[PDB]
Ligand SMILES: CC(C)C[C@H](CC(=O)O)C(=O)N[C@H]1Cc2cn(c3ccccc23)CCCCCCNC1=O
Ligand SMILES: [Ca+2]
Ligand SMILES: [Ca+2]
Ligand SMILES: [Zn+2]
Ligand SMILES: [Zn+2]
């Protein structure tokens, strides 16, 4: 595992999150259930706790976007970069954006598995950098293992606990 330079991390017991926009590929309830599932995958290993808010600012802002969307990291259409997220901090810090040009799926169709992608991006939102281990969720590319049958590897778990303790 690797952390971001200077090891930024949320310095609070509770971290809020808000899903600002949705994809047209999935029911809204599925995105909510899956973001929750994803946050709690990391949540179970550490002392942090998460709370969803539906208006205003939250530490982690989640949204879907195609192309340019204000943050200077324009998406690029289907394929290539699937999504991106930012190290803990204020403003853009902690946010996770998913490329709406991708065919997102919960796993029952051909496309990009949103739970797998969200676990990876929220790992970045919590402070995780990339892994050299092809099997870790934090590995830089999608599809080495099985998007529909996976779990955090010992490498992912070691890194998150190095950042927030057990
Ligand atoms: C892990 C994931 C959920 C989030 C990451 C983004 C991130 O690290 O947060 C991601 O999108 N990685 C690219 C990395 C990537 C692979 N290639 C690329 C070609 C161009 C640009 C990027 C890539 C080769 C071609 C395949 C393109 C489709 C799959 N893309 C990827 O795996
Ligand atoms: Ca933020
Ligand atoms: Ca893309
Ligand atoms: Zn963005
Ligand atoms: Zn990444």
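Here the Cβ is made from the backbone with ideal geometry for all residues, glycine too, and neighbour counts use every protein chain on show. Each value in this text was obtained by applying a stated rule to the coordinates, not by laboratory testing.
A compact table of results
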quantity	calculated
Projected area averaged over orientations for the chain, convex hull of C-alpha atoms, nm²	9.0 nm²
Fewest-first ranking of 53, 137, using other Cβ atoms within 10 Å as the exposure measure	53, 137
Residues 16, 141 arranged by fewest to most Cβ contacts within 10 Å	141, 16
Ranked 104, 55, criterion: other C-beta atoms within 10 Å, fewest first	55, 104
Viscosity 1.002 mPa s, 20 °C: Kirkwood-radius Stokes-Einstein D of the range 2-54 over Cα pairs, µm²/s	167 µm²/s
Among 22-31, 72-81, the order from most to least packed when residues are scored by Cβ within 10 Å on average	22-31, 72-81
The chain: relative contact order as a whole-number percent, Cα under 8 Å and 6+ apart	29 percent
